[PDB]
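Heads up, the chain shows up twice below as structure tokens, two forms, tagged structure 1 and structure 2.
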Structure 1
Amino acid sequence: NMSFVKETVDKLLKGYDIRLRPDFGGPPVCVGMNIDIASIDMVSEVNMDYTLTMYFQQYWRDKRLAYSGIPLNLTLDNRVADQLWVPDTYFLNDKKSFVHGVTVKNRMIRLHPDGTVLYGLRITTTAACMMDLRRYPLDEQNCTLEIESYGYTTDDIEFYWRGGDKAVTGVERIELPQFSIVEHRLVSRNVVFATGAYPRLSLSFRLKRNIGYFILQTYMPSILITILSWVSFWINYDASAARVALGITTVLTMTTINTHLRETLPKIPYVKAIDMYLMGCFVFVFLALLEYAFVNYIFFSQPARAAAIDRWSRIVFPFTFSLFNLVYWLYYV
């Protein structure tokens, strides 16, 4: 009977003060939370933030909304949520979050006979994640979503994960093009500020970055250019022009590769591992050119010593570069 249900809803909402929390002046209202992660849209190191779309649901108990005589759970229209009390839950570290509004506001209100209220939203947020990219791209990020009550202290509200360790779902279905979610954690605690103690929930992901693309697109050209520089040591004895032309081509190619690659890398202004590796390759080709210059300078007066120096460099350069490569791949793994 629609008229009877309308009468019940009007009776519930009449004399109902939306400005007062449930059990005002009494025990805090326990609010449980569920997060169904639809998808992690993207992760950006330039802005150091990740975009996250989720179904965020809050469960609590408002005795003023308890009804009797109806053996049903009333799934009301979303607009009635504007006439109820809802927790002032906000995301601590978000930068731009919104609730989808097509074709209507993605909002669900479900009343229960015992006064229990379920309130669901579909939120696309952009949470800030500070990233330690000193080991980029061989890095590992820990990005968290923080949930807190904005106004009410722990004396008026409490947050708990509804469902224990399985309160957050959908993480296993996330397809991140570059990262792999190694682990996710749920944390509940109380934080302290000048006004008092606030409840706090935290959903943490550990993202591990794939390195195949960097290996097959970033390091390999530099290694090949270094080998091409090494080729110079086995070019004639008096090729004062062809050998220096090969070195010139090597240096110009190294500069072009570094410039274009840094263009194809995030513009974050601090030293990274790939920057160190490219600097090392540049220093190595520069040292090869310096060795050629010194050999050419001493070639006319002491040809035997020049040839000996060239032969010794033929071994020293690959060995020193391999030592540097080993210490680099062991320092960053």
Structure 2
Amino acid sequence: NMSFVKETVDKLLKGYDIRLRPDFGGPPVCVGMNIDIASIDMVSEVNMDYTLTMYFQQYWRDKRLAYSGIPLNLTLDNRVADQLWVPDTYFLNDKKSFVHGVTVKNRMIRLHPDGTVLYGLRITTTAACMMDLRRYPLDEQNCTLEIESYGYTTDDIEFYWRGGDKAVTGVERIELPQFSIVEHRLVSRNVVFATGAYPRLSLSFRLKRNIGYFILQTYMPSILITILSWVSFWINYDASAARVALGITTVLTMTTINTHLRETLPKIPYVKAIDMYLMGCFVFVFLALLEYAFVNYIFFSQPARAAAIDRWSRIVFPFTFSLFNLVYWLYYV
């Protein structure tokens, strides 16, 4: 008997005012939020943001939409959402968001006999997430999604997570290329602007970057090259060709490491720890080359001086390199 349902729905929407929230002027209307994360697409250090797709469900109660005699969850067409009051929920820290619209607008309206309304959307949002890259690539990031009411204050609307810590699901299934999600957290609070106090929900993920490949790629080769640069100290100065070959090899390897690192790193124009470490290693090999040049210039007239400076360099280069590594470890690790 679709005629009875049609009559009931027409009666519900007859005289309905979409400009007035439920219980207008009375106690605030409570909205419960559920989020199902379909996927986190990409995390960008260049743009300081991340893209995230989700099913976003809001649950509330409107006494105007109460019907009796129909023992069913009335699942209506999504266009009915244009004839009802819905919360003005928005994401505070987003840059570009949209609701999917193929094949129709991705939206669900479900009414319940007591007047309860369930309103679901499928949203893909790019959200800002400032990152601290000083300790790159040991950095650990914390990216948030902020949910807030735009127009209504805490005197009119209230937010809460439906089901508590079970409100957000599907985080465990997310796989990212660079990062691995460690822990997510849900927070509910109030935020005061000059226009008043608004409810606020926060969903935050803590991301730890994968570190093995970088360590095997940029730190170990640099350390090995700096160690190899000291072999020429033990080489006697009679065979200058071997020392020239060693210097050329070390410089070529350092340049190759630097170019590959430039290729790997995002092009964010600000300082990072790995850049300083590579610069220090290059300065060390450059100093070794200059010391060899000084030995070559001196050895012909004063062989004792050249032997002495080589012998002293043999002990003062590893000590200085170890001191630099200790300073780097304390300052950035």
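For the two forms, the rigid core is made up of the largest set of C-alpha atoms that agree within 1.5 Å on superposition. Each residue is numbered by where it sits in the sequence of structure 1, with counting from 1.
Fitting the two forms on the rigid core leaves the C-alpha of residue 72 displaced by under 2 angstroms between the two structures. After superposition on the rigid core, the Cα atom of residue 191 is displaced by less than 2 Å between the two structures. Rigid-body rotation of the smaller part against the larger part between the two structures amounts to 19 degrees, from C-alpha fits. For residue 315, the Cα shift between the two structures is 4.9 Å when the rigid core is held fixed in the overlay.
Taking the core as reference, the Cα of residue 232 moves 4.0 angstrom between the two structures. Superposed on the core, the two forms differ at residue 284, whose C-alpha moves 1.4 Å between the two structures.
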